[PDB]
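FYI, the numbering for the sequence shown is -9 to 76, going by the working numbering.
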Amino acid sequence: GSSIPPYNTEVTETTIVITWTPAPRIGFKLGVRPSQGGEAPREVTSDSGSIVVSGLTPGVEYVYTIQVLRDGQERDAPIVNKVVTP
């Protein structure tokens, strides 16, 4: 089912922040990229409880995908979202 660890998503003009409760074997992989392309797609993995993606350009549509990692394995479905920077 859905035991995705609950996470909070913060979207600013240049930043995307994902936060969750740190557990020993829970990881997160976040990837952002413009919907129309133009720049490099970033990918961050962390167990700290926070993922930071800075340097985004304001006013640009971004597709961002969240991948929960169980023991470094993709056991859950990826979560694809789209947001336009303020």
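Ideal placement from N, C-alpha and C gives every residue a C-beta, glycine not left out.
- Around the beta carbon of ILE41, a 10 Å sphere encloses 16 or more other beta carbons of the protein chains shown; the residue is thus reported as buried.
- Excluding the 5 residues flanking it on each side, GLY62 has same chain C-beta neighbours closer than 7 Å at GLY17, in chain order.
- Between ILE69 and the set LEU46, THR5, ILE56, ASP37, the nearest pair of CA atoms involves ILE56.
- The beta carbon of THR11 sits closer than 8 Å to those of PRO(-5), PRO(-4), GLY39, all from its chain and outside the five residues before and after it, given in chain order.
- Cβ neighbours of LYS72 within its own chain (closer than 6 Å, five residues either side excluded): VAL53.
- Collapsing the DSSP output to three states places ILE(-6) in coil.
- The C-beta separation of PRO24 from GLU51 comes to about 7 Å, placing the pair in contact by the 8 Å criterion.
- With a cutoff of 8 Å on beta-carbon distance, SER36 and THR5 are scored as not near each other.
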